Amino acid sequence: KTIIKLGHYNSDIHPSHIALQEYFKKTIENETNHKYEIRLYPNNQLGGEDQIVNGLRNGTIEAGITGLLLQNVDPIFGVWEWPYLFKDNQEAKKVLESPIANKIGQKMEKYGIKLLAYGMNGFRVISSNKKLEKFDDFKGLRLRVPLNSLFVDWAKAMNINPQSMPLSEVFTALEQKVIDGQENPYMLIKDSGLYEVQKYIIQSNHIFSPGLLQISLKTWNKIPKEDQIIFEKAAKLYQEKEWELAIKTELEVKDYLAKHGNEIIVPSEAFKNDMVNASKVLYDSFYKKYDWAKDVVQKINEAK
């Protein structure tokens, strides 16, 4: 009997967790005569996101959902979070279901990880103690960013002062007045309780964050193809159901946050355009330092 521990950083009521429970775990456990058990560990129980990545690579954490932190080993994996790459949720899903996304996903095997599905965490918004409604308001702003220099660079391009830290440190950084806010999808902002200590939510949607369902290659190579087909069936069902649930749930969460004291700012056309224009410096740099960037972005655009 094979026990597969599956760790992630989201809440047990995040759509990823619900879909893991109902579709991924159940499909595998039932359709393999209970030969595999998929034990779920939400909310950083098995460690923070970076620890999950490392555990997938060394095999001590057999499965997981993470974002794109493996980009610190090979930057190609971080491409999906480049700013303003996708116009909306449906376009993000369409591109992540395309051949180029599959091909980049396959490259994770070189680093010990088998990718099973691209799911959705969502577009990222800025939460803040300070009202932000025009580009000049970023000056002086101290924002936590994730453990990924892309986000450090993004923040600097916005004239924001970033401080990269693990997600588990955000509450205490706010409480200590070390930062003014952070950025993450709407559902994380609710599920985490960050909304209770962040008056303003600014709907920047600057970056789209996928949640990658992954299995350690060390684990995968012990599973015969007949059984892998069942894991793949479960991952495909997980993916369809998770996108659907995530889109539905995000709309609920947006309404919730409107009605519990938070002030949601939808950027003006000018604020929007200023953010978009400011982000171009990131792409200028990608095209200079990555020999694959021109081709990859072209294929991503062709898949839209």
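So that there is no doubt, residue numbering starts at 1 and follows the sequence shown.
Novice: So which stretch wins on mean C-alpha B-factor, 276-284 or 21-29?
Specialist: Higher mean C-alpha B-factor in the PDB entry: 276-284.
Novice: Mean C-alpha B factor from the entry: is it higher for 179-187 or for 139-147?
Specialist: According to the entry, 139-147 carries the higher average C-alpha B-factor.
Novice: Out of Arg57, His260, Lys241, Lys248, which one has a C-alpha B factor higher than all the others in the entry?
Specialist: By C-alpha B-factor in the record, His260 ranks first.
Novice: Per the entry's Cα B factor values, which of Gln51, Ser268, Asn44, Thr66 stands out as the maximum?
Specialist: Highest CA B-factor of the listed options: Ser268.
Novice: How does the C-alpha B factor of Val253 compare with the rest of the chain: lowest, middle or highest third?
Specialist: Middle third, going by the recorded CA B-factors of the chain.
Novice: Please place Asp153 in the lowest, middle or highest third of its chain by C-alpha B factor as given in the entry.
Specialist: Answer is lowest: the recorded C-alpha B-factor places it there.
Novice: Compared with the other modelled residues in the chain, in which third is the CA B-factor of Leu217?
Specialist: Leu217: CA B-factor falls in the highest third of its chain.
Novice: Per the entry's values, where does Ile207 land by CA temperature factor relative to the rest of its chain, in the lowest, middle or highest third?
Specialist: It belongs to the lowest third of the chain when residues are ordered by C-alpha B-factor.
Novice: Could you look up the Cα B-factor of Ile38 in the entry and say which third of the chain it sits in: lowest, middle or highest?
Specialist: As the PDB entry reports it, the C-alpha B-factor of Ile38 lands in the lowest third of its chain.
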